[PDB]
Amino acid sequence: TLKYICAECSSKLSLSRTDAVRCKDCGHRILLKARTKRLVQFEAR
Amino acid sequence: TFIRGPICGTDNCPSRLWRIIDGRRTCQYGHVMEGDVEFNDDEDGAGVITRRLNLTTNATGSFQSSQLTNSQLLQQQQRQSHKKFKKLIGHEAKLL
Amino acid sequence: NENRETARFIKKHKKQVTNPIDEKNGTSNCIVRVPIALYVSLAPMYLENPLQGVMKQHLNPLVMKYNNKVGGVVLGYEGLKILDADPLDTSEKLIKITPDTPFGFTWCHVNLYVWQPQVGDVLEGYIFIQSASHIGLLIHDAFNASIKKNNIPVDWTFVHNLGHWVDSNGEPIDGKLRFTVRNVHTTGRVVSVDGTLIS
Amino acid sequence: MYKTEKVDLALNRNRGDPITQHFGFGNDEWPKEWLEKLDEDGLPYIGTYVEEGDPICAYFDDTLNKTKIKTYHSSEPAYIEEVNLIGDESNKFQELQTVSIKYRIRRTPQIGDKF
Amino acid sequence: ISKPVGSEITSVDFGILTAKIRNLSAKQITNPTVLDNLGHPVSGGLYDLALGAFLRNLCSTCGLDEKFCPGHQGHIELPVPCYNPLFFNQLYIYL
Amino acid sequence: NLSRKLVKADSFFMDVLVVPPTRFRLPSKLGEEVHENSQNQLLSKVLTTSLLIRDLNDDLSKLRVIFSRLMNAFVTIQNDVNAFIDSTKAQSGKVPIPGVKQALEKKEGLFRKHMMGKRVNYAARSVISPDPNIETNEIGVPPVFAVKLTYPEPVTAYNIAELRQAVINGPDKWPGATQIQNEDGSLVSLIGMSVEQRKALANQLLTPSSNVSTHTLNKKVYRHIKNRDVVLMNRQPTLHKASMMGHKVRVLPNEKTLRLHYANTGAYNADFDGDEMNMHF
Amino acid sequence: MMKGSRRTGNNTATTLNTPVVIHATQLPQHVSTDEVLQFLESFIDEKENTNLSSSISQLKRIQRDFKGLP
Amino acid sequence: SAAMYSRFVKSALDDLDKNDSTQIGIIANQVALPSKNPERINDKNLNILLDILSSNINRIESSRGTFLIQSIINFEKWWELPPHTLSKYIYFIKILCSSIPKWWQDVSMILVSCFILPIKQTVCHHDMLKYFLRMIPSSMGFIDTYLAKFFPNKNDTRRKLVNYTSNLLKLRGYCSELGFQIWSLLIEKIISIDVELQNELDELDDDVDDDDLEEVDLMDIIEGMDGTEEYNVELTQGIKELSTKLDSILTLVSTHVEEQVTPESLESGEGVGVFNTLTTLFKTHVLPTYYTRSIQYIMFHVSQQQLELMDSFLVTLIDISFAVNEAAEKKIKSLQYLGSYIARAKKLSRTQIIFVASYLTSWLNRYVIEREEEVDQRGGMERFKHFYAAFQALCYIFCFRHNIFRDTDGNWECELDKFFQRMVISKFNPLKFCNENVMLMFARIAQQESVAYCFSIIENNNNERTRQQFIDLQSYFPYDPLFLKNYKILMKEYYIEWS
Amino acid sequence: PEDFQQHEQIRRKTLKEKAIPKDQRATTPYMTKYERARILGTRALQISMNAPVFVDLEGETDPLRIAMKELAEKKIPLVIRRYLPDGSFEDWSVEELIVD
Amino acid sequence: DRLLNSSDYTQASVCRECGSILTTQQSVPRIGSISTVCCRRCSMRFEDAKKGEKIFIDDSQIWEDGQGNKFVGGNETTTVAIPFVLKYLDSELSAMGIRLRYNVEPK
Amino acid sequence: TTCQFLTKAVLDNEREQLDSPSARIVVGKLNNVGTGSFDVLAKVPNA
């Protein structure tokens, strides 16, 4: 289950098609994408 | 990487094409055809010339892209087709 | 005021030497020696034997082909002579290297034996095959002729079984045939000779 | 070194023009191997390593029946730091058309840097 | 360097094109339309296909394609002789 | 005068224009937005007016106002070919359409930008760096530059041992090659290949092709820039001829900058704090 | 393109192949039949003492034509 | 029907004089339909269209008469017609190109492009082709451009590749005036597949029995598809194809050249011309090919049939290897080729073996005064690389052919048991500077023949021990054993095993 | 026809009134720094196109370094044509010039 | 090298009679021939066949283009090595009514 | 003042001799200041 985060009230929030791009608890518009469990790799340098 | 174009010369490679380091297109078997020079412009207002645009010069070369209404034939009729629930249900409604 | 321009075109296409009908054979003459001047390129690999280099690069591609400037079929050549760029003769000539490339360009004289027939000529070639559309001939065992059906007299028929051609006097015609030369063609790399038997 | 990039799909329209191009993928076709950099909403996973040429978001326009991507074109490789989703202001029903991605370019002291 | 050039340009004459341009290019251009709807080069327009190949069509003059054709010129028949703004200051002396 | 042609008056008058070929009048473009050309914009205005002054000549052909638009049409058929050649010698919104004369006269234009000042292939530029461990007549080439710049070396009997090894190494390993030219003029790129095809193609270099048109020519391996080539090296304000000198090439591993001796810093007038120098090969 | 390169590979008449200019420097002067066979016997003997093989065998047909019979 | 369509085609033929050309675009279109579209003309009406057009020729000589002769040319599968239409189709072209000698530009575009198909598929193709060689003499030139252009792709199946060279070795015996343009087109286009094989040579080919697979086996797709069709790479090149392509092609080269050499054609025919057109093609093509096996067997297969064909090549091979007017790395490679051709050839004369070695030891004994105090001067040992290469070829003979030089008594011919006694202790030390392995086995054999005792001097290199392209030519033995599974069966009589 | 021969005769006679003879040339007997760069340029550009080399090249693969060895032993078969500014010229061979 | 042999360097065709670059053309060959390069303002259309008792054309002087015509003459072209901007410069001066005649001395 | 001199060169009907170095670079001819100031000629042995 992919989700997002409201930038204002910090509530985790998934979003579907035919939805207003808003938070659903506060009415905030700016709504940043959370990070999920996914493999990236690095040299330890 | 590969961009499918015409068949190739040399009586060897019948295949698609592929651009090479910055300037020319080859087949994937090594052979390269002539005149392939990619014709990219510079960038310098620049004259009061901002109108009459029809093309989009796709496919890594000169021109001929974005033909006018080559996919619009189903586009003005897919606003009235994609969405459901149009309240045109007359006799099926008595069944509904 | 309409003569100083039209004269510049007639002498461009008027052929220099016409073919004469010679030794009262009926057969005209078409083998002719002509001296020419070339402007060729000697290459670095032939820089030790320059005559062999011009002969193998420019002279051998030219033989047995029709050439535009001499108006005929270049049979052979004789007497190649490289012009020296040092007007001092000698063996150790010297030619000029181009600035960009290692190639050297020079002038050369040579005599071309060319085969130049024109219209109004008479040739005797052997008939290769014959049909009810044409008569095909090997002019001097190397060239090709084609006497088409409108260019044959009407009183000459063709008996069929393929078959021999029939003349007016009932003679099945033999190979060694006299024929009058019509418009000589250029079109294919095969260079043909149109003809007439009418007059 | 941080760096943002506003990805806008409403540059090409007027206010009286309906929607044409939509974030997310298309179906009835196979956009190959773009799902390693991108998520199923057409936005990149954050933390992802992108080079020049790599896709940076997927969109589906209805005027081509075709899924095109936008491309991170820069000489320096980066990591997706942030992806923000800008909502509308005028009406309460249209799809999201403005996304501002933030990239992170690491800069070790290479030979030629001035101290 | 393996393609040598023989003949080469040694001097350059200046001059004026006489109105016998009709010899080298009678592919003259009368329609002020550049492209029609559905993107074709119109005949007798400023993008005619006898002026060289364009939009992956062949040249009507070369027979060659988009790249290999050198391009070709075309004239616009003015019905009246209006003078040249380059040589105008030096005929106004002579008038 | 050796042709003794007559000085005529229709040298001053233009009965026809000529139109440049379509290659010289391709559409302008910004991004996806492919606009219409400057040259077609002026040249259509003449062609509408020519049809008008032809169509209106049919209107006056059946006999006032029609004589006052014909004479005004001669003002503007002259004014639109004056616009086709000049820009200031026509009328213009703020900055009018460039004519063919005004595409020629400044530092930019044509005659100084593209005839004295052309841009070149086989060149590179980079920040320079100090080095006392190279010779004074040398430049230290990075391996980034070294595997791009190629020199056509014709394969002969004395260099097939060093040009077989160039085709085998390929365009990744440094003393190698990128493409070979056949005797007919076509090239063969070695980029996507593996060591199977490259070793089987290095062994065919001295093989003659069966043709007789090209029995003189040999193949050309485009080897990389080795340690025995030279280079024009160019500090950018070239105020004198010692600002463009010819260095020898020494390919240094593990570097990202051109790398120059201290003895050359007075000649180019360089201070080692971010100067770029052009490397012409 | 391919068949654009076939027509470059059709002719292939360059400055190693063909001369730059050729001019006929005098009037063409005919020879007798007696000097053609005088020429074709020495020219064939010179070129047969590679290519030119498709050319000399046509001359030998021409050489045989002035004295023999197919 | 037969009387109905006979005047159907004359009405269209009379449209030249009516000047509209009505059914020329229809009647000749009908004969231009493919075989897979059965709406085409039948053969009965094809006899109708042919004999009208064979018997009247005046009314086609125009640009409106172009398209119908195009259709007779583009008639696909003309060689699979019944003989009352086939033998009438053949007679058309023999008088089409006779009447207009322009179309032969385009007829052998079709005739040479059908040489892909097998021999008995195309026996009528050479009947018309040889006809126009004795008919049109000025067509030998541009035919050669049609053979090189319609030579098949390198990565085709062998069906296009063993039947093209079979139809092109067919073309040689009918016209030896062509001759040299056949083999130059073969030999250079064998190296294309040949040298893609030895650089693989790591593990063996499994003898899978499915070699000869099948007998005779016997849609527009023209759209606007020039966009991106990305990432469909599947980069794989086969290997066991390439050993069987050289099994297929180069056996048929050596089976047909086995026909071309026999003393009925070497003494009164053109068999010596075969032998000269390959030796002059040997020293130009195959000798500057680096690291190439399996193609110098063709000159090996031919120069062993007679005593003359051997001896008319040994003097040729040596003149490459000892004239000053050549390149040195050609001279070393021919010495490299000479010792391996003598010692790895079965059917030779024993007096041929000695005269190579007698001349070779003469060259070392003509070396015996001039260049044997140059060593102590300021230079290197690389000044003598021609001398070491010749002595190395001498060692490679004696490691194989040693019992020949034993005479009836038990002594050695031409002081070979005294010659190496001088060469080893000379001031060149040819034990070190030649190849290691040919000198390692020469030391063992000199003990088992009692000729030299050069163990202790090869031992005398402990602290005692440009060059890389000279070490590597010592490692290229030309007559290494063949990898080809099916060509060695012919070579087993000719080529000697290890023991 | 003969109109070519009327022009070739003029072209070579004009090229005879520019050739200064070998006894009367009055330029320097030195190889003047630009011949040497162009002789070694052009000769190396020939050796790379399979010209006959008249020096024992000893493992030298560089075509320019070969020409520098053909120059030191006077084995280069070239001729310099020194143009005087009216058009007339002096043909100096490479063997008789003195290299720096 | 740094202003011709690396920047543009075309081998163009030039008529040796009118001395012009942009009046040249490779002909559309009739189906047997090989295409050749032939000038345009030195050419004369085949309709001009106006009046050796007859002045018939040798048929090697006759070339075609794809728009249909037959021209007579237009030969004597060569191949010179110029920059490409000279081809573009000579197409801008033609718009000004100015021609550049190039003298090509090997004739 | 490019087309100032251009009209002057046409009304003069001038032949450009192509010997200034700014005129040789335009037409692509080799400059003749330095190594272009002479011609190299190769000596061939056979007549």
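Heads up, chain B uses Swiss-Prot numbers, so what you see runs 3-46, 52-103.
Per deposition record, electron microscopy, 2.9 Å.
Every residue gets a Cβ built from N, Cα and C, even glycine.
Copied over from Swiss-Prot, here are the features:
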- B:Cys10, B:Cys15, B:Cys29, B:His33: Zn(2+) binding site (BINDING)
- B:67-101: region 'B-linker' (REGION)
- B:3-36: zinc finger (ZN_FING)
Grouping DSSP H, G, I as helix and E, B as strand, the residues of the region 'B-linker' (B:67-101) number 10 helix, 0 strand, 25 coil
Row B:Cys15 (Zn(2+) binding site), column other C-beta within 10 angstroms, all chains, value 20
Students should find that the binding-site residues B:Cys10, B:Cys15, B:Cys29, B:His33 with a Cβ under 8 Å from chain G are B:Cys10
With the fewest other Cβ atoms within 10 Å, the residue among the binding-site residues B:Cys10, B:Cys29, B:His33 is B:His33
Summed over the zinc finger (B:3-36), the DSSP helix, strand and coil counts are 0 helix, 9 strand, 25 coil
Here the binding-site residues B:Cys10, B:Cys15, B:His33 meeting chain F with a Cβ under 8 Å reduce to B:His33
Note on Zn(2+): the CB centroid of B:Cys10, B:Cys15, B:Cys29, B:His33 has further same-chain residues inside 8 Å, namely B:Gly11, B:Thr12, B:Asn14, B:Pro16, B:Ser17, B:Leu19, B:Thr28, B:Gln30, B:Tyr31, B:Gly32, B:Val34, B:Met35
